[PDB]
Each structure stands twice: as C-alpha cells, then as structure tokens.
Amino acid sequence: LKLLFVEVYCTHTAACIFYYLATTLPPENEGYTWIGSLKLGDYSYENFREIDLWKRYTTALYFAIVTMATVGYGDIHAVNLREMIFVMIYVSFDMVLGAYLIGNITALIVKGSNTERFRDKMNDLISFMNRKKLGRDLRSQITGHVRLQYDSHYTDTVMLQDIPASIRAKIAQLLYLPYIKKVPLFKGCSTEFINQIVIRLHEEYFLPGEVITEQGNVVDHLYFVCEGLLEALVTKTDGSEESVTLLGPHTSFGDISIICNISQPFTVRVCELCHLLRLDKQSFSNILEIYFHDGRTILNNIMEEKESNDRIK
Amino acid sequence: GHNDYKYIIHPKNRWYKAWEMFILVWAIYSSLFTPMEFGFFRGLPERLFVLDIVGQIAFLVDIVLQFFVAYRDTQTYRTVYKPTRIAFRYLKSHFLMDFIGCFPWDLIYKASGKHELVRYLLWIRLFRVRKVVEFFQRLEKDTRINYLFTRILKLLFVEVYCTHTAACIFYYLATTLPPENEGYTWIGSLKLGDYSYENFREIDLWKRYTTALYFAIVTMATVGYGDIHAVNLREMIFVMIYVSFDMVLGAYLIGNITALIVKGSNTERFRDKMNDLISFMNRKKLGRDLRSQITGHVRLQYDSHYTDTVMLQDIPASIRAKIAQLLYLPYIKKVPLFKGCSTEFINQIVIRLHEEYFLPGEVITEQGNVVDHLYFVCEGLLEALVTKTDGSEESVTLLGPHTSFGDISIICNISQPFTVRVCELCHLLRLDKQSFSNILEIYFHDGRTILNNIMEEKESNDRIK
Amino acid sequence: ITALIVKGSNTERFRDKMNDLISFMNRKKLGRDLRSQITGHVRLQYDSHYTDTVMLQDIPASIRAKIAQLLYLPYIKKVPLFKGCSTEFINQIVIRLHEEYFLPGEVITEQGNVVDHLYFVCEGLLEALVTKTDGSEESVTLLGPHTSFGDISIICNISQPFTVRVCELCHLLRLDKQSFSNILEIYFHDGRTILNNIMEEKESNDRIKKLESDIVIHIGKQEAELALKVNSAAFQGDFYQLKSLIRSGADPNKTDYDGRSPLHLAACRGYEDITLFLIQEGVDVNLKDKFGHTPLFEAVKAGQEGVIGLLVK
C-alpha cells in the first residue's frame, strides 16, 4: 500500500512537472512542447496555456499514468530536450519503483500460509495415502480429520511450542481449567495436581461416527469431552455393540481402563464433532506418581461416580 | 435430517453437480456478454431477443434450486437439510443480487423510453461471475491441480474478464459522445491502414469489438502500440484507471507465477543438493562407487519419503492406529517373536509402530547403546558385529526379512549387544520400548507365550546364545 | 530468474553469516584485534568450504566414514603419533575428526590451558610457543605436515605444554578430547602403542622433555592411581564405576601400595559382583597380599561365605 501511494504521488508530481516544463518555453514556441504540438483526434492543444485546467491535468496525468505502466501509447510524448531529460528520469525511477512493487507483491504471495500450507499438506498426504492404498473410507477419514484440523487450527499447537513451557502452562490454565473443573473424575484434587493435569492436555477434534478407541485396547490417552456428543459401545463376539452412555460435554472417558489397568471396556464411537482434551495415560500416571493423594481421592470418586451408571458400575 | 424434509438436494449430489456445470457455462456467458450488450448495444436487437430471455430463465431456475440445496455448516461442519434453514442462507447471502440480475433489464430499458440509466442496471448481472469464483474455489480443493497453479489460472481469468469489460466500457465511452463529435472519440478518429472508422456505429459488431479488445489486450500487456489510444477526457480517465488496476493485476500475476516457481520446487530440491554435493565429490575426487552411494542416499531421502511417515504423527492416534492395522499387521504376523499369541496383543503391537527406512552399509544400532526401540526387519537384511578388545568385529547371524532384532536386549533391559549394520534397503518397522512394555503388562499370558518364543529364538541364533 | 537469484548466493550466505556475527560483536562492544581475527577466520571457513560439514550432516555414518577414510586417513597414517596403531583405530579416529583452516600468523591453544580438543597438522608448520617465567618463548618442536599437537596433555593426563603458534596458513585436523577418549578405551594394545610413541617421539621436544620426565612420572602415577581407583571402587561398592574404571585401561592384576588387589577388597567387603567381574578378568585366586591375606582369607576374615563360595568355585 505504501508503494502504491508512492506511485500516486510520483505520477501526480510527474504530470505537474511535465506540464510545467511545457510552460517553461515561451508561448511562441508552443509547437516545440509536448502539449502545444499535441493533436488528439480533432482537438489540437494549440493555446495550451488557455485550455481548461482539468483538461490539461487529465492530459498530463494520462501520460504520467501511461508511462508508469510503460504502456507508451505515444499519443502524448516528450518533444523538448527538457521534456526528454525529465521523461528519462521519470521512467528510470519508475522502473525501480515498479520493480519494488512487483517484489513486494511477490514476497507477500511467497509468504503463503494457512490455505497454502494446508493445501501442500493435503497433496503430500494424498500421495502417501495412494502409496499405502489405504481404505477409501479410511482415506475419507484421514482427509476429513486433517481438514477439520485446518479449520480447527490444529497447527496452532506447533506455534504454541515456540512459547516456553511457562507461558504455555499459563495459556493452558487460562483456557483448559474450567473444562477440567467440570469433569467430575477430578471432583477432589489439589491445585498443583489440577494444574499439571491441565498443562499436558492437548486439544483434538473428532468427526461423527468415528471410533476414538477400540474396545479391549491398551488406552494411552484419557480424554475429556468439551463440546459435542460421544458414546460408548459394547462389542460382543456377535458384534452387537450396545450403547453405554452418551458421552456428552464434560464426560471424561478412558479413565476407567487407565486407572483400572485393564483393556478398554467399551469401543468409544463418535456421534457429533467433538472437542476433546487429551492426556497421555503415561502423563496421568507420572502425575499420580507424585500426587497419589489426589489419585486415591479420585479412586473414591470413581467408586461413588461409577455407582451412577450400572454399565460403568 | 435428509429424510425429515424431502426435495432437498445434497450439496454434492450428482444431479446438482450436473446443474452446477450447466449454470457455470451460463454464468460465464452472462458475465462475458453483459459488457458486450451494455457497451456495443444501446438496446439489444431483436435478433438475439430469444437468447437473452432464455439466459435469464436459466438463472431463474437456479434462483429456485438454491432454495432447496443443502449447505455444509461452518459451525457444526455438518450438512444442514431444512428448507426453513436453507432459505435463509440464500435470502441473506446472494438472493438480492441474483434476483435483481434476473429481471429483463433490456426489455425494461426498451419499455421506459430508452433511458440509459436504466440500462446501467445491466451491470448487476456481472455478479453471476460468483459462480465461476465458486468453481475455482472448489477446484482449489482438488489435489489434482496445484493451489498456486489454480491461483495463476484464476488471475488469468481475471485478466480475461477485466480486458473484456474494459474494451466494452471503452467502446461505450466512445458512444457516449454524440455522433457529430465522433471524431473526438478514440474509435471515430481511427485510421488503421486505409480503413477509417468514420461511421463507427454502423460497423459490424465483431469488427468494433475486435478493435476495442485489441486495445484492451495490447494495454493488458502494456505493449501500447499507440495506434489505438484515448482521445477524450472520459477515455483518458478510464485508460488511467484501467492501466493502474492492470499494473496491480499484472504485478500479482508475476508474483503468483514467481511464488509457484520458488515455493513449488519438489525434485528441484534434490537437484540443488546434488549441485553442491557433486561439487564436493569432484573437488575431493571421491571414488565413483562412493559417489554412487552418496547420490543413492540423497535420492533415497526423496525416495523413502520419511516425511510421508512423519505426517502420521499429526494424524490422530486412532486413525493412525487403523492405518497401522491395515499396513503393518502382515509384517507383524511375519515376526517369529510374536508367532501365536492373542489377536488383541498382536493388534496392540500393530497400533504403536513407527515405520523407518535405512541405507546400505550404514549402521543402525550400536553395541553398548541402551536399546530404545524394538526393530522388525520386514523387507531387508541386517547384520550385527561386535568390536572386541583388539577391535576386530564379531560377525553374527544375519537378520533377513520377516525377523525381529533388538527384542532380546529390550526383554532383558540391557544395552544393545552388537553394533548392527544395514546391508541394504530395509523396511525397519519400529516399536518403542515403553509401548511394548505396557502392552506386555496388559497381556501377561501373551507375554509368557513370547517368552517361550524367546527361548526358541535364543537357541535359533548362537550369538543370542 | 527470480528463483535463481533468490536460491541464495554462496557469497550472500557468507555476507549474511558475517553481518549477524558483526552485529553481535558491536552489540558486545568488542575489540579491533579480536574482530579482525574472527572475520578473517570466517573468511577462511567459507572459501575452504566449511559448509561441507553441513553437507556431511545428512549422509549417514558409513558414507561419512568412507569419505573420511579417503581424505583424512592417508594424511593421518603419516602422523607418527598413530604409527604402530591397529589400522582399525586409525580409521575410527578418521571417522571422528574435523578439518579446520587457520589464518597465517596466529595461535589456537595456550600453554597451561585445558586441552579439550586435540589437533593434527595436515599441512603447514607450527611453532611451539612455550612461555617462560619472564614471558618469552622458545620452540622446541616445529609441527609440520603429518605432525600433531594437543596429544601430549590428553594421552599423558597433563595440561598443554605449549601455546601453539600458526606460522602460516594451516589446515589441521580436530579430534575432540571426549571422542578421542572413547576410541582410546575401545582399543588397548595400540593405546599403549600411543603411549610408547609419545615417549619415543619426545626426543626433539626439550622443554617438553622436562615435561616428558614429568610424563614418565605421569605414566607411573596414572597406572598406580588407576589401580587405586579400581581398589577404592571395590571397597566403596561402586560396581558401575568399577566397570568404567576397568574399561579405562585398568589392569585387574594390579595391586595397590599394600600389595592388595581389588579382588581382595571386594572379597573382604563382600561385594560378590565386583569380585565376580574381577574373576571374569582372571585375577589370581591364590594371590597373597603384603600381610599374607588371600582373597579366600579376605573373605573368611569378614565371614563373606558367598564370596567364599565364589572363591572356592
């Protein structure tokens, strides 16, 4: 924008100076000036000193703007030696300044982010997927999840890796904290423990119908639903999976298997787009290796809370 | 919700896609004809009276269908199929402009006493180019065509439209002057060759349009021959505006192309590395075989696409897990370490896996280095050696495909016994020690079954003995 | 054309590297002499293709070892410091070295400094500036091509005997203390070959020959003190330090000033694992100390019946 404004000022000044150099010659020699000898169509700018001000300004600015884009129609052109020198200076300077404009626009475009980077990531991912000949539905899952990640700004976490663990912990305690309070799994805990639980959390968004974790699996991620609706399904030998509970907002799941040190009791399947905080089972464990008072208070809360659902109980 | 309210069309429904390709052609024609019928026609002649009417009808139906097609939400990201919800989207987003465009503006102009200001409303039909904008946006999603290439093609179409409209406006500005003063216009004084455009309002439509478009195109590339130039003050002002905007547009075109060349370099990166690396070999006179080894590694870097294995860290855990369950699971079965265990244990090994590729001659694990990863040789051959006190290395049994090495050291929780070497290109599937350890704790019976397989694998190779 | 120009100019990279450095130097308000030496050294680095190491960053260990054995190894094999070595040892150092080019009329190392890195001489002559009590210098050895410096201190566990002086432009070959120490513990007989060389090549060296008298003493107290560390670890119970110490070239057959073996100490203490490892070495089961105590009698004296079981075994 600064360079375009410099273009505006420079062309306006060039038009004014060019017409001025036309006026420097005495009127009797008007035939040797660029405007006094200018015959466009029928109108001949003969007594150019006595033509309407805006007609003269439009003519001079016409030339200036034309030369700025180097169209060089030639209809209006330098005739004098003073006009020759001024036009030389003007176009020589305008070359560099228009090259600066081109360079700034090109640098802007080169600094392509968001849709540009995501597009590149999509192309690389599509190539890799073709190499693995993955399931077309699973291919849709891959593409949909990363598209969601683009819209749900998953790459934000990469940026958050730059800011050190201190300010990062502050970002987490200023955002994840209410959501972690609402979850009843941590009904009673210490401030340090809850802060550590918040720090290691990672945001992730999931697409409806998908499987968060398979049943009978070594769960390595306790999740905390923030938005949307999730659910748990009881797969038997026949495959007649049965609903356990609609994992609504603030319904932590995977903690049962994690604390019980058992396999995933129920396949966790998605119903709507869900925002989930994530905590690696290992991380929750190491925080338990320190604040085990907190963990046994959980264990009591596990008793009383799981009493609610007979499937969970 | 698509059953809840019928007649609703899916956003990517097949018939709607066909109608999109049809209304896209009509939108291109309407946006490329409105400037023509505006500038070159002070009243559309009856010869094309049908062709305009049908045109509006073509969009009139589209005004109705867009009131039934569903739209994917930007909040729940889910397609919403409710006419109550669907209609509001049109009524707010673009219904006004499309509806104003659909009026018989030419007929209204001819039915109001030939008032030009009424004909100025014809430019509302230029907003039908939003269809072409949507088409280009959708094409950008397709990985078939580069995003920057789509950008440059969009900019080329922008130049096409801008030059066409500029030529039409230029001829219109020529027509605004009265015929008796036609000599003051840009066209009424044109004397190209022996042909003078004296009575320019009576020339054939295509000769006039080609002259105006010749001006527009030669000024688009700023060739500025000067044969056709602005003469009026309205013509001067319009040429200044067009020239400035086209300077900006051409700068953007050069920027898009330059960014496509700079950023969009895939094998050129390997070539750039080759440049200075070949300089290295040449200034140091490396053996041709060693030169081949280095070039093989660099090509390998672009041929192993480890980046295509790094991406999986970004895909979430479960979906990555199913990728593993469909690819690494055969390789997992091939392992003699697992052999016959519970399908669940095998599946958990499958889930947590990190595919890697290595280079011939380069070594992978070192003697005395605490094992941190459990490697399966899936497609390749691998050979370990142990440096003694004198220094000579101790050859061991080679690790051919469908085997698992480093497992014993992980089981004993001891450093890597022998410095292992990559003989050639190997599909070295990797399992972290901690993941395998947790999997073993959950599946203790499978763990003991592995222990049996382990004793058999111990007698299998005397170096593990 | 823009991409060709923006791919970076080898000089522009150098200029950018230099600028950044100079900005740091002025930011720290540095002095002219040091600035000139720094800028010159950056110069010699860039035109001698310092970035080759950067290029060598990506090609793996085997190929890097091969190019090393094709460039450095012919030059290293002509260095008498490593004549008599197993060729394996020489090639190993050759994997772990770094060429460096210094400006004429300079200095790297300083008499009495911590040696850290070790240096060879691929080409050029160097002057062994040994600062006296008054402050003057005398060169008792001229380090020409296929010579070495820094070795005297590392291999003999002293500090550098000399402030080395760069007589002219010189390409030398760097070997870190820590890596050299690794490769030196890997090999044993040729490490003693090093030591013997360091003695026999100390002939031209004269003030380093008084250093060499102290070096005779240094080999003496090195093996003695090494044995004392082995015995002290045996008594203390640091089995891990026992392993590391024996892997530092320690002789399990060495006894301390009381003619007491580390086996003896572990026997009287009862550390049957230290005893067992020194057994794996093969220390005499029937050795007698100055006081007549045998590892057997050492074990029986303190009632170390487990150690007695290992001993009778």
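The numbers used for chain A are those of Swiss-Prot, and the residues that appear cover 202-514, in sequence.
A Cβ is built for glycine as well, from the same backbone N, Cα and C atoms used for every other residue.
Lifted from Swiss-Prot, the feature list:
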- A:204-224: transmembrane segment (TRANSMEM)
- A:225-259: topological domain 'Extracellular' (TOPO_DOM)
- A:260-279: intramembrane segment (INTRAMEM)
- A:280-285: topological domain 'Extracellular' (TOPO_DOM)
- A:286-306: transmembrane segment (TRANSMEM)
- A:386-508: nucleoside 3',5'-cyclic phosphate binding site (BINDING)
Which of A:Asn418, A:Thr498, the listed binding-site residues, has fewest other Cβ atoms within 10 Å:
A:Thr498
The intramembrane segment (A:260-279): which same-chain residues, six or more beyond its ends, come within Cβ distance under 8 Å?
208, 211-213, 215-217, 219-220, 235-236, 239, 241, 246, 285, 287-288, 291-292, 295, 299
Around A:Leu402 (nucleoside 3',5'-cyclic phosphate binding site), which residues of its chain at least 6 apart sit with Cβ under 8 Å of its Cβ?
A:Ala373, A:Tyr377, A:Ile381, A:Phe425, A:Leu478, A:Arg479, A:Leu480
Using Cβ atoms and a strict cutoff of less than 8 Å, what residues sit near the transmembrane segment (A:286-306) while being 6 or more residues removed from its termini?
204-205, 207-208, 211, 215, 218-219, 222, 265, 268-269, 271, 279
Can you count the other CB atoms that lie within 10 A of the CB of A:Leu386 (nucleoside 3',5'-cyclic phosphate binding site)?
21
Non-local residues, at least 6 beyond the ends, that sit with Cβ under 8 Å of the topological domain 'Extracellular' (A:225-259):
216, 219, 276-281, 283-284
Who are the chain neighbours of the topological domain 'Extracellular' (A:280-285) in space, where the CB to CB distance is under 8 Å and they lie at least 6 residues beyond its ends?
219, 222-223, 225-226, 233-235, 238
Report, in sequence order, every one of the binding-site residues (A:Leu386, A:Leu402, A:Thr498) having a CB within less than 8 angstroms of a CB belonging to chain B; if no such residue exists, report 'none'.
none
By the DSSP assignment reduced to helix, strand and coil, which category contains A:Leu434 (nucleoside 3',5'-cyclic phosphate binding site)?
strand
List every residue in the same chain as A:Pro466 (nucleoside 3',5'-cyclic phosphate binding site), at least 6 positions away in sequence, whose Cβ is under 8 Å from its Cβ.
A:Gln416, A:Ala433, A:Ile457, A:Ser458
Mind giving me a neighbour count for A:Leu434 (nucleoside 3',5'-cyclic phosphate binding site)? Other Cβ atoms within 10 Å of its Cβ, every protein chain shown.
15
With the cut-off set at 10 Å between Cβ atoms, which of these binding-site residues ends up with the most neighbours? Options: A:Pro450, A:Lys482.
A:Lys482
